[PDB]
Structures are given as C-alpha cells and as structure tokens.
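Structure record follows, encoded as structure tokens.
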Amino acid sequence: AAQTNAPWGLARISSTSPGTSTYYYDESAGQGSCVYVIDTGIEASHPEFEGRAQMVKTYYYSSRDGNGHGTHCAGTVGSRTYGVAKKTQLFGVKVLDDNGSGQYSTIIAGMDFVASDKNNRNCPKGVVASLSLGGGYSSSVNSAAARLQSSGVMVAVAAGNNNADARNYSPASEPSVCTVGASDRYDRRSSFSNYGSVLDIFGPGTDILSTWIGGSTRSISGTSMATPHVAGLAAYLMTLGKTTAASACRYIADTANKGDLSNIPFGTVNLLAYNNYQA
C-alpha cells in the first residue's frame, strides 16, 4: 500500500533515503495487534481513529485527554492519516494529568495495569506499549518497565529531550525495553534528543504532524514523537509475523537503516527505524 503526501516521518520509516513523501506499508497495517498509549489520554472520538481507540484506565477525574500530547502520540501509532499501524487497536492509559505531569507511583501503577489488562483484550498478533514520558533515574520505574516487557509487551520508551546521556533518566535507562531517540527530516539527530549506549533506535521526532484534541491536528517535536513511530512499527511487524514482543526491539535494530544519521555521539547507535517493506 502507498499513502501519498504522508507526514515525513511515515515516509522516512519506509524509505532507504530521506526526502520522500510517500509511506509504503503492507495492507495488514497492524490488524490484530494492540498498542497501549500510556500518557495524558486519547481523544478516542477523533475521526482519525475510526473507532479503533478507547480509554481503558485513568488515575484522574477524567479519562479525557485535556492536554493533546497523548492524542498526538496515539495518532502517530495508529491514526488513519498520521499513523504507522493504521489498523491496530489503541488503548489509552491516563497516567499524566492535563498539564502533562504525573507521579512515578501512578506511572508504575499504569505499567503494571497494562501487564495485566492485556489479558482482558483481544490481541492475537501481539501487544505493544508506548511510553512518551520520563524523569530522573528511578530503579522502581525501570523495574516496572522491565516487568511490563517481561510480561509479553513490546515496551517502547522515549529517550528524553535533555540533549544528555539517557542513562540518567527513567524509564529510558532500563536495558530491557526499547529506548528511542529522535531524528529530523534531514537525518540529523534532533537537537534535543538524548543519546548514549542505552538507546536502541532512532525514529522521526522533529516536526511531526499528528492528531490533537478538539478533532484537530498539529506538528510538534520530541522524543515523545519518535517513540510512537517505533511502537507502531513493532505492532505492524508483529502482525506480519516477522517478530514478537520479546524480540521486536532487536529485530527493529537488526533491520534498521544503519549509519545514516548525523551528529550521533561516539558510542550511541546510528540506527534509524525502517519497515523494510518491498512493494
């Protein structure tokens, strides 16, 4: 399948070169997989989600996304126009308030929630969790992410936006999950992207168009935007049967575009997520 005039990041993940604008992908499109977006919520009524998104849990007075961040991230995972995996099921877990903030205890509870809640959902092709959040190092936060991964969920986490070594941030620094840095449309490391040996992969993160609250769209930047590209890619590859939740991060690294990014610090992987789709 081909989506013309796609957001640059979608085109990038199906291309061996920057500078194109068509996204190519197998029409299975993540059908039968599920992606949890652990964030500020999801505006599931947005036409872009086509009935495939739903809120399953909140720790606050509403499950609605009063911020936009979670809706944007969910759109990059699986919206019809802005998403990598256009037929996946999206489940929202609101661990962040409408200012985008959340306590680590709530975030940990949300991760353990997903590890159990997947047993209440139909995801025959596999389960992914996208975590576009983080703060300073916490062994308890890292352990929660490790549990979620161990339970059979492909965990993708943002590296962080500090232009610093991600070893000092959580859950970015957890070795067993997939830690995602950000790149721009010219294959440069995004100016704000964290780096370091704990990164597994880069995805598009600068000037990413996706869904927003109020049935709208906007372009924003962050490792928060790169992470759902990788989460959606994992769901897509799991539906194709090419990998599993436990092996998808390694598979994405194995099949990435290699050595194509600029300003990658010595010791950080030079790997850009790529779907290897041959039309």
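Naming works like this for the structure tokens: A, B, ... for the chains as they're shown, residue 1 at the start of each chain, ligands 1 onward in shown order.
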*Which residues come within 6 Å of segment 194-198 of chain A, counting only C-alpha atoms, excluding same-chain residues fewer than 2 positions away, as a VMD selection string?*
chain A and resid 159 to 166 173 267 to 268
*Can you tell me, as a PyMOL selection string, what residues are no more than 7 Å from segment 237-241 of chain A when counting only C-alpha atoms, ignoring any on the same chain fewer than 4 positions away?*
chain A and resi 30-33+125-126+233
*May I have the residues within 10 Å of segment 7-13 of chain A as an MDAnalysis selection string, using only C-alpha atoms and disregarding those fewer than 2 positions away in the same chain?*
chainID A and resid 2:5 15:25 76 81:84 183:187 203:210 219 225:226 229:230 233 256:257 272:277
*Atomic separation - atom CA of residue 158 of chain A relative to atom CA of residue 112 of chain A, Å*: 18.3 Å
Env of residue 57 of chain A: 10 Å cut, atoms = only C-alpha atoms, seq-sep filter 5 positions within chain, self excluded. Answer as an mmCIF file with N, CA and C atoms, in the first residue's frame.
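Okay, result36.cif is ready:
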```cif
data_model
loop_
_atom_site.group_PDB
_atom_site.id
_atom_site.type_symbol
_atom_site.label_atom_id
_atom_site.label_comp_id
_atom_site.auth_asym_id
_atom_site.auth_seq_id
_atom_site.Cartn_x
_atom_site.Cartn_y
_atom_site.Cartn_z
ATOM 1 N N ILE A 38 0.429 5.104 27.018
ATOM 2 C CA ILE A 38 0.437 5.414 28.442
ATOM 3 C C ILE A 38 0.888 6.868 28.544
ATOM 4 N N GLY A 41 -3.884 10.483 27.983
ATOM 5 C CA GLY A 41 -5.163 10.053 27.451
ATOM 6 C C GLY A 41 -5.163 10.087 25.932
ATOM 7 N N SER A 62 -10.960 12.415 35.056
ATOM 8 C CA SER A 62 -11.492 12.092 33.747
ATOM 9 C C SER A 62 -10.482 11.217 33.030
ATOM 10 N N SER A 63 -10.984 10.428 32.089
ATOM 11 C CA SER A 63 -10.124 9.740 31.140
ATOM 12 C C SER A 63 -9.881 10.555 29.877
ATOM 13 N N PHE A 91 -5.294 1.520 22.976
ATOM 14 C CA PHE A 91 -5.833 1.560 24.330
ATOM 15 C C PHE A 91 -5.128 2.657 25.113
ATOM 16 N N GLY A 92 -5.901 3.600 25.646
ATOM 17 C CA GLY A 92 -5.337 4.703 26.401
ATOM 18 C C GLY A 92 -5.316 4.442 27.894
ATOM 19 N N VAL A 93 -4.178 4.749 28.512
ATOM 20 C CA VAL A 93 -3.991 4.665 29.957
ATOM 21 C C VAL A 93 -3.497 6.036 30.406
ATOM 22 N N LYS A 94 -4.335 6.765 31.144
ATOM 23 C CA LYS A 94 -4.018 8.147 31.503
ATOM 24 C C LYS A 94 -3.288 8.162 32.840
ATOM 25 N N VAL A 95 -1.953 8.178 32.757
ATOM 26 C CA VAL A 95 -1.093 8.330 33.929
ATOM 27 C C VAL A 95 -0.593 9.751 34.113
ATOM 28 N N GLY A 110 0.338 2.340 36.285
ATOM 29 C CA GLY A 110 -0.146 2.218 34.919
ATOM 30 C C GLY A 110 0.569 1.144 34.120
ATOM 31 N N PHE A 113 -0.694 -2.092 35.338
ATOM 32 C CA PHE A 113 -2.036 -2.237 34.794
ATOM 33 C C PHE A 113 -1.998 -2.860 33.401
ATOM 34 N N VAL A 114 -1.146 -2.336 32.513
ATOM 35 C CA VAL A 114 -1.092 -2.858 31.147
ATOM 36 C C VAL A 114 -0.660 -4.319 31.137
ATOM 37 N N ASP A 117 -3.873 -5.995 32.090
ATOM 38 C CA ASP A 117 -5.042 -5.673 31.280
ATOM 39 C C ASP A 117 -4.983 -6.285 29.890
#
```
If DSSP is run on the backbone, what residues of segment 41-273 of chain A are alpha helix (DSSP H)? A reply as a compact mmCIF listing (two decimals) with N, CA, C and O atoms, in the first residue's frame would be ideal.
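This is the output file result-v4.txt:
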```
# COMPACT_ATOMS: atom_id res chain seq x y z
N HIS A 69 -1.09 15.81 24.17
CA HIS A 69 0.12 15.02 23.98
C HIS A 69 -0.20 13.54 23.71
O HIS A 69 0.32 12.96 22.75
N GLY A 70 -1.05 12.93 24.54
CA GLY A 70 -1.37 11.52 24.35
C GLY A 70 -2.10 11.27 23.05
O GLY A 70 -1.88 10.24 22.39
N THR A 71 -2.98 12.19 22.66
CA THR A 71 -3.69 12.07 21.39
C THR A 71 -2.73 12.15 20.22
O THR A 71 -2.88 11.41 19.24
N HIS A 72 -1.73 13.03 20.30
CA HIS A 72 -0.74 13.14 19.24
C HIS A 72 0.05 11.84 19.11
O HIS A 72 0.22 11.30 18.01
N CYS A 73 0.53 11.33 20.24
CA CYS A 73 1.31 10.10 20.23
C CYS A 73 0.47 8.94 19.69
O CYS A 73 0.93 8.15 18.86
N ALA A 74 -0.78 8.82 20.15
CA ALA A 74 -1.66 7.77 19.65
C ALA A 74 -1.88 7.90 18.15
O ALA A 74 -1.96 6.89 17.43
N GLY A 75 -1.98 9.13 17.66
CA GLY A 75 -2.14 9.35 16.23
C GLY A 75 -0.96 8.85 15.42
O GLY A 75 -1.13 8.31 14.32
N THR A 76 0.26 9.02 15.95
CA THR A 76 1.43 8.52 15.25
C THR A 76 1.50 6.99 15.29
O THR A 76 1.96 6.37 14.32
N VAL A 77 1.01 6.36 16.36
CA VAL A 77 0.93 4.90 16.38
C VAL A 77 -0.03 4.41 15.30
O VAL A 77 0.30 3.52 14.51
N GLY A 78 -1.25 4.95 15.29
CA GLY A 78 -2.33 4.26 14.61
C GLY A 78 -3.46 5.06 13.99
O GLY A 78 -4.48 4.46 13.63
N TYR A 104 5.60 9.28 39.79
CA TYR A 104 6.17 7.99 39.43
C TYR A 104 5.33 6.83 39.96
O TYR A 104 5.21 5.80 39.30
N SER A 105 4.71 6.99 41.14
CA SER A 105 3.88 5.91 41.66
C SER A 105 2.69 5.63 40.75
O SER A 105 2.31 4.47 40.55
N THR A 106 2.10 6.68 40.17
CA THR A 106 1.00 6.49 39.24
C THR A 106 1.48 5.86 37.94
O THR A 106 0.81 4.98 37.38
N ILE A 107 2.63 6.31 37.44
CA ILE A 107 3.19 5.76 36.22
C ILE A 107 3.49 4.27 36.38
O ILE A 107 3.18 3.46 35.49
N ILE A 108 4.07 3.89 37.52
CA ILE A 108 4.34 2.48 37.81
C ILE A 108 3.04 1.68 37.84
O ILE A 108 2.94 0.59 37.25
N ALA A 109 2.02 2.20 38.52
CA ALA A 109 0.73 1.51 38.55
C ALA A 109 0.18 1.33 37.14
O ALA A 109 -0.38 0.27 36.82
N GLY A 110 0.34 2.34 36.29
CA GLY A 110 -0.15 2.22 34.92
C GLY A 110 0.57 1.14 34.12
O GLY A 110 -0.05 0.45 33.31
N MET A 111 1.88 0.99 34.34
CA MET A 111 2.61 -0.07 33.65
C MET A 111 2.17 -1.44 34.12
O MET A 111 1.94 -2.34 33.30
N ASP A 112 2.02 -1.63 35.44
CA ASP A 112 1.53 -2.91 35.92
C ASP A 112 0.09 -3.16 35.48
O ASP A 112 -0.30 -4.31 35.24
N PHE A 113 -0.69 -2.09 35.34
CA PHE A 113 -2.04 -2.24 34.79
C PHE A 113 -2.00 -2.86 33.40
O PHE A 113 -2.74 -3.80 33.11
N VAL A 114 -1.15 -2.34 32.51
CA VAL A 114 -1.09 -2.86 31.15
C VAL A 114 -0.66 -4.32 31.14
O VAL A 114 -1.19 -5.13 30.37
N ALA A 115 0.31 -4.68 31.99
CA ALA A 115 0.78 -6.06 32.01
C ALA A 115 -0.35 -7.03 32.33
O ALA A 115 -0.37 -8.15 31.81
N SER A 116 -1.30 -6.61 33.16
CA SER A 116 -2.46 -7.45 33.45
C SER A 116 -3.59 -7.25 32.44
O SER A 116 -4.21 -8.23 32.00
N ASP A 117 -3.87 -5.99 32.09
CA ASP A 117 -5.04 -5.67 31.28
C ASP A 117 -4.98 -6.29 29.89
O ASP A 117 -6.03 -6.53 29.28
N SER A 139 15.13 3.37 40.04
CA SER A 139 15.17 1.92 39.86
C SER A 139 13.77 1.31 39.86
O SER A 139 13.53 0.33 39.15
N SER A 140 12.84 1.88 40.63
CA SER A 140 11.49 1.34 40.67
C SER A 140 10.75 1.56 39.35
O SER A 140 10.00 0.69 38.90
N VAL A 141 10.95 2.72 38.73
CA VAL A 141 10.34 2.97 37.42
C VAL A 141 10.92 2.02 36.38
O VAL A 141 10.19 1.42 35.58
N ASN A 142 12.25 1.85 36.39
CA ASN A 142 12.88 0.93 35.44
C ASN A 142 12.38 -0.49 35.65
O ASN A 142 12.12 -1.21 34.68
N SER A 143 12.24 -0.91 36.91
CA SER A 143 11.77 -2.26 37.20
C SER A 143 10.35 -2.47 36.69
O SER A 143 10.03 -3.56 36.19
N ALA A 144 9.49 -1.46 36.83
CA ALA A 144 8.14 -1.56 36.30
C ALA A 144 8.15 -1.74 34.79
O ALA A 144 7.38 -2.54 34.24
N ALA A 145 8.99 -0.98 34.09
CA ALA A 145 9.10 -1.14 32.64
C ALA A 145 9.62 -2.52 32.28
O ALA A 145 9.15 -3.15 31.33
N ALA A 146 10.58 -3.01 33.06
CA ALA A 146 11.11 -4.35 32.83
C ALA A 146 10.04 -5.42 33.05
O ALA A 146 9.99 -6.40 32.31
N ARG A 147 9.20 -5.26 34.08
CA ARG A 147 8.11 -6.20 34.29
C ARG A 147 7.14 -6.19 33.12
O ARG A 147 6.70 -7.25 32.65
N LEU A 148 6.78 -5.00 32.66
CA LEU A 148 5.84 -4.90 31.54
C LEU A 148 6.39 -5.63 30.32
O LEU A 148 5.69 -6.43 29.69
N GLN A 149 7.66 -5.40 30.01
CA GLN A 149 8.31 -6.10 28.90
C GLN A 149 8.31 -7.60 29.13
O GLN A 149 7.94 -8.38 28.24
N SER A 150 8.71 -8.04 30.32
CA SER A 150 8.78 -9.46 30.63
C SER A 150 7.43 -10.14 30.48
O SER A 150 7.36 -11.32 30.08
N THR A 223 11.31 13.46 21.62
CA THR A 223 11.44 12.01 21.64
C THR A 223 10.10 11.35 21.92
O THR A 223 9.92 10.17 21.59
N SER A 224 9.15 12.10 22.49
CA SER A 224 7.78 11.63 22.62
C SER A 224 7.14 11.31 21.28
O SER A 224 6.20 10.52 21.23
N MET A 225 7.58 11.96 20.21
CA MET A 225 7.02 11.74 18.88
C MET A 225 7.74 10.61 18.16
O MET A 225 7.14 9.93 17.31
N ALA A 226 9.02 10.40 18.48
CA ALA A 226 9.78 9.30 17.87
C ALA A 226 9.31 7.96 18.41
O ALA A 226 9.18 6.99 17.66
N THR A 227 9.05 7.90 19.72
CA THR A 227 8.64 6.66 20.38
C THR A 227 7.43 5.99 19.73
O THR A 227 7.52 4.78 19.44
N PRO A 228 6.32 6.68 19.46
CA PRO A 228 5.18 6.01 18.83
C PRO A 228 5.44 5.56 17.40
O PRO A 228 4.73 4.66 16.92
N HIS A 229 6.40 6.15 16.68
CA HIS A 229 6.77 5.57 15.39
C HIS A 229 7.29 4.15 15.58
O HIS A 229 6.94 3.24 14.81
N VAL A 230 8.14 3.96 16.58
CA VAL A 230 8.72 2.65 16.87
C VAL A 230 7.66 1.70 17.42
O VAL A 230 7.62 0.52 17.04
N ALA A 231 6.78 2.19 18.30
CA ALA A 231 5.71 1.34 18.82
C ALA A 231 4.78 0.88 17.70
O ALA A 231 4.43 -0.31 17.61
N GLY A 232 4.38 1.80 16.83
CA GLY A 232 3.56 1.42 15.69
C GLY A 232 4.28 0.47 14.75
O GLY A 232 3.68 -0.47 14.22
N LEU A 233 5.58 0.71 14.53
CA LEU A 233 6.35 -0.20 13.69
C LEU A 233 6.37 -1.61 14.28
O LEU A 233 6.19 -2.60 13.55
N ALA A 234 6.57 -1.72 15.59
CA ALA A 234 6.56 -3.03 16.24
C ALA A 234 5.22 -3.73 16.03
O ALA A 234 5.18 -4.92 15.69
N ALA A 235 4.11 -3.01 16.24
CA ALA A 235 2.79 -3.61 16.05
C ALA A 235 2.62 -4.09 14.61
O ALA A 235 2.11 -5.20 14.37
N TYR A 236 3.04 -3.28 13.66
CA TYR A 236 2.98 -3.64 12.24
C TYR A 236 3.79 -4.90 11.95
O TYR A 236 3.32 -5.80 11.23
N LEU A 237 5.02 -4.99 12.48
CA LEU A 237 5.87 -6.14 12.21
C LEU A 237 5.37 -7.40 12.91
O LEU A 237 5.53 -8.51 12.39
N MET A 238 4.79 -7.25 14.10
CA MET A 238 4.19 -8.38 14.79
C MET A 238 2.99 -8.93 14.03
O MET A 238 2.83 -10.15 13.90
N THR A 239 2.14 -8.05 13.49
CA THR A 239 1.03 -8.51 12.67
C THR A 239 1.52 -9.27 11.45
O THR A 239 0.92 -10.27 11.05
N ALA A 248 11.13 -7.81 19.31
CA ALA A 248 10.88 -6.77 18.31
C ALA A 248 11.91 -5.65 18.35
O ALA A 248 12.28 -5.11 17.30
N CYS A 249 12.35 -5.23 19.54
CA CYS A 249 13.36 -4.18 19.60
C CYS A 249 14.63 -4.61 18.88
O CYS A 249 15.18 -3.86 18.06
N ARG A 250 15.08 -5.83 19.15
CA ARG A 250 16.28 -6.34 18.49
C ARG A 250 16.06 -6.47 16.99
O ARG A 250 16.96 -6.17 16.20
N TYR A 251 14.87 -6.91 16.59
CA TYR A 251 14.56 -7.04 15.17
C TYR A 251 14.58 -5.69 14.48
O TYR A 251 15.10 -5.56 13.36
N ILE A 252 13.98 -4.68 15.11
CA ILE A 252 13.99 -3.34 14.55
C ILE A 252 15.42 -2.82 14.42
O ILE A 252 15.79 -2.23 13.40
N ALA A 253 16.25 -3.07 15.43
CA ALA A 253 17.66 -2.68 15.32
C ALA A 253 18.37 -3.46 14.21
O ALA A 253 19.15 -2.88 13.44
N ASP A 254 18.09 -4.77 14.10
CA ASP A 254 18.70 -5.61 13.06
C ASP A 254 18.40 -5.09 11.67
O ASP A 254 19.23 -5.20 10.76
```
_Distance query residue 80 of chain A at most 7 Å, only C-alpha atoms, self and fewer than 6 positions along chain excluded, as a PyMOL selection string_ = chain A and resi 48-49+86
*asked:* Run DSSP on the backbone and tell me which residues of segment 208-242 of chain A come out as strand (DSSP E or B); list them as an NGL selection string.
replied: :A and (208-212 or 216-220)
Kindly save the residues from that selection, with C-alpha atoms included, as an mmCIF file, in the first residue's frame.
```cif
data_model
loop_
_atom_site.group_PDB
_atom_site.id
_atom_site.type_symbol
_atom_site.label_atom_id
_atom_site.label_comp_id
_atom_site.auth_asym_id
_atom_site.auth_seq_id
_atom_site.Cartn_x
_atom_site.Cartn_y
_atom_site.Cartn_z
ATOM 1 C CA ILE A 208 5.823 15.516 13.434
ATOM 2 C CA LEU A 209 2.247 16.088 12.255
ATOM 3 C CA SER A 210 -0.407 14.089 14.110
ATOM 4 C CA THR A 211 -3.816 14.265 15.766
ATOM 5 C CA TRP A 212 -4.673 16.740 18.519
ATOM 6 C CA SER A 216 -7.610 18.857 15.166
ATOM 7 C CA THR A 217 -4.005 18.240 14.081
ATOM 8 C CA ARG A 218 -0.647 19.868 14.727
ATOM 9 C CA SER A 219 3.078 19.388 14.259
ATOM 10 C CA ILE A 220 5.254 19.140 17.400
#
```
*Figure out the distance between atom CA of residue 270 of chain A and atom CA of residue 190 of chain A, please, to one decimal in Å.*
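Atom CA of residue 270 of chain A lies at a distance of 12.9 Å from atom CA of residue 190 of chain A.
From atom CA of residue 85 of chain A back to atom CA of residue 47 of chain A, the distance works out to 15.9 Å.
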